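Asker: First piece of the complex, coordinates kept as in the full assembly:
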Amino acid sequence: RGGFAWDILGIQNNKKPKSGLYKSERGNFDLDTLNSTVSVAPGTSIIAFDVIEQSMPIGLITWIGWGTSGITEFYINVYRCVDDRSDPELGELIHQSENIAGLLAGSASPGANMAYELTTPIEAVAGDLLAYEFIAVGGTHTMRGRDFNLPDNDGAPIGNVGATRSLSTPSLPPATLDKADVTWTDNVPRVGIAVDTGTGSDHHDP
Amino acid sequence: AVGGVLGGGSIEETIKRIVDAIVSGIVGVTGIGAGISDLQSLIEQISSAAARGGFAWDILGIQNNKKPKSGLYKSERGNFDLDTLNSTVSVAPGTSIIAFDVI
């Protein structure tokens, strides 16, 4: 019975369509709460926090958006956060993308589904607070999101449901980010994460 | 020639009964003709499944893996998610208000 209990905890392909149409896609939030939009204007970047509920190899990041014009050197960055408010660091870098500017689509309010396969997966454990960063140069891209009207928090590990950085150097993300060099924010993009494009990749021990 | 123990007529019957009983508890069907190689093999399979039951219980004991959309504190849960908030209700004199939740 313990062996079967451990196998049920290893099902990755049991996530509801409201969270992402792929079998294994999680959201930072679900598609059913979408309300309005956020935009990636050069010299600023939008940061979305999430907590990994179940350990997984993250292999496919996804979002809904529009604005496949003016862009060169679009980048995704991922970093792993400090568990405590009081610490002067916010988090340590885990992933840099290559330039993904060619992957982008969409020209109207319904947007387009778009995706990024990590050329090697990232191992995230249960309870891990990740931060997803979106960066672009030339024009501005747009992402479906939530007008997430909330008060800033003075005690919890993260000050508000996302953040934004006034970044100077889009070609080079810091190895580390501080509590000080980032600003807490309400309007956040939906960020999706999946194991891979297809059914399978549930672990089943021999 | 040596008299047995625990029901065995001989020490050969005693040891065979002990080994056959352990293997019959692991495999579930009562049987005979087990060896000490079965004893090691089948105890290694239980030990592995039991250790995985321990790891399963550890995962079910994580309190600290709730998304910030449910509350910014790493343990917070709540009766609704923050991304479905709309409008308000007022706690006011003479009429208290009740929120239900399931744990």
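Answerer: Arrived safely, thanks for sending. Residues are numbered from 1 along each chain as shown, chains lettered A, B, ... in the order given.
Asker: What about the residue in chain A that chain B sits nearest to? Give its phi and psi, please.
Answerer: In chain A, the residue that lies nearest chain B is residue A:2 (1.9 Å; Cβ to the nearest Cβ). Using the backbone N, CA and C atoms, a C-beta is placed for each residue, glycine as well. Main-chain torsions, residue A:2, degrees, to the nearest 10: phi -60, psi -40.
Asker: Could you report the neighbour count for it?
Answerer: 17 (other Cβ atoms under 10 Å in any protein chain shown).
Asker: same question, residue B:78
Answerer: Residue B:78 sits with 12 neighbouring residues when counted by other Cβ under 10 Å.
Asker: contacting residues for it?
Answerer: Neighbour list for residue B:78: B:70-71, B:101 [criterion: Cβ atoms under 8 Å, 6 or more residues apart in numbering or on different chains].
Asker: Including distance to residue A:203 and neighbour count, could those residues go into CSV?
Answerer: Output for these, formatted as CSV (distance: Cβ to Cβ, whole Å; neighbours: other Cβ atoms under 10 Å in any protein chain shown):
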residue, distance to residue A:203, neighbour count
B:70, 26, 17
B:71, 30, 16
B:101, 32, 8
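Asker: Check those residues one by one and keep those near chain A.
Answerer: Among the contacts of residue B:78, proximity to chain A is found for residue B:71 (Cβ under 8 Å from any Cβ of the partner chain).
Asker: Relative to chain A, which of the contacts of residue B:78 is nearest.
Answerer: Nearest to chain A, judged by Cβ to the nearest Cβ, of the contacts of residue B:78 is residue B:71 at 7.9 Å.
Asker: Include this sequence as chain C:
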Amino acid sequence: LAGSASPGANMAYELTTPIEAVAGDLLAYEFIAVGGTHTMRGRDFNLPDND
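Answerer: If we add chain C to the chains shown above, we get the following:
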């Protein structure tokens, strides 16, 4: 309680001793006040009563 009337402030209450909630338990949280009208963020559902 939070010293503003803007659209939100974060309020918190540590129990002097925890309460032992159990899986599948159904709990009710009641809120009471005197001398004013505390406004809580919530949801209006437009939901019918179930019998």
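Asker: Same as before for the contacts of residue B:78, with chain C this time.
Answerer: Counting by Cβ under 8 Å, 6+ apart, the residues that residue B:78 touches are B:70-71, B:101.
Asker: repeat for residue A:199
Answerer: A:13, A:23.
Asker: before we move on, what SS does it have?
Answerer: Recorded secondary structure, residue A:199: coil (DSSP: H, G, I helix; E, B strand; the rest coil).
Asker: just to revisit the earlier point, kindly indicate which of the contacts of residue B:78 lies nearest residue B:84.
Answerer: For these, the minimum distance to residue B:84 (Cβ to Cβ) is 10.5 Å, reached by residue B:70.
Asker: What does the closest one show for phi and psi?
Answerer: Residue B:70 adopts backbone torsions of phi -100, psi 0, taken as degrees, to the nearest 10.
Asker: Which stretches in chain A count as strands?
Answerer: Here chain A has its strands, by DSSP state E, at A:26-27, A:37-40, A:45-51, A:56-66, A:72-81, A:89-96, A:112-124, A:129-137, A:141-146, A:162-165, A:176-178, A:183-185, A:188-189, A:192-194.
Asker: wait, what's in contact with the residue nearest to residue A:14 when sequence neighbours are not counted?
Answerer: Nearest non-adjacent residue to residue A:14, counting by Cβ to Cβ, 6 or more residues apart in numbering or on different chains: residue A:23, 7.9 Å away. Residue A:23 is in contact with A:13-15, A:198-199, counting by Cβ under 8 Å, 6+ apart.
Asker: Next, format the residues you listed as a markdown table and append distance to residue B:19.
Answerer: A markdown table is the format used below for these (distance: Cβ to Cβ, whole Å):
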| residue | distance to residue B:19 |
| --- | --- |
| A:13 | 43 |
| A:14 | 43 |
| A:15 | 48 |
| A:198 | 48 |
| A:199 | 45 |
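Asker: and chain D, same structure:
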Amino acid sequence: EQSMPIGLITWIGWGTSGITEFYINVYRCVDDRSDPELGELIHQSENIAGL
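Answerer: Below, chain D sits with the chains from the block before:
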């Protein structure tokens, strides 16, 4: 999300004129896109019009 015996199906709705029959059907879907098939019929209801 979790294995269960499905036993009761719910909705919130309105409409009670003209309708001579209502049917709910349940299908088990193929776990892939690129094959020709959507899914296999699990369940056909009796006429649900009384509900």
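Asker: Revisit the nearest residue to residue A:14 given that chain D is now included?
Answerer: Once flanking residues are discounted, residue A:14 sits nearest to residue D:1: 5.2 Å by Cβ to Cβ, 6+ apart.
Asker: my guess is that neighbour meets residue A:18, correct?
Answerer: No: with contacts defined as Cβ atoms under 8 Å, residue D:1 does not count as touching residue A:18, sitting 11.5 Å away.
Asker: Pull the residues that contact stretch A:76-93.
Answerer: If you take Cβ under 8 Å, 6+ apart as the criterion, stretch A:76-93 is touched by A:49, A:61, A:94-97, A:100, A:116, A:122, A:124, A:128-135, A:155-158, A:173-180, A:182, B:74.
Asker: how about a cut-off of 6 Å?
Answerer: Contact with stretch A:76-93 is made by A:94-95, A:97, A:129, A:131-133, A:157, A:173, A:175-179, as judged by Cβ atoms under 6 Å, 6 or more residues apart in numbering or on different chains.
Asker: Highest neighbour count among those?
Answerer: Highest neighbour count within those: residue A:133, with 25 neighbours (other Cβ under 10 Å).
Asker: Contact partners for it?
Answerer: Shown in contact with residue A:133 (Cβ under 6 Å, 6+ apart): A:45, A:47, A:77.
Asker: mind running it again at 10 Å?
Answerer: A:45-48, A:75-79, A:93, A:95-97, A:163-165, A:167, A:173, A:177, A:182, A:191 (Cβ atoms under 10 Å, 6 or more residues apart in numbering or on different chains).
Asker: what is it paired to in the beta sheet?
Answerer: Beta bridges link residue A:133 to residue A:47, residue A:77, judged by DSSP bridges.
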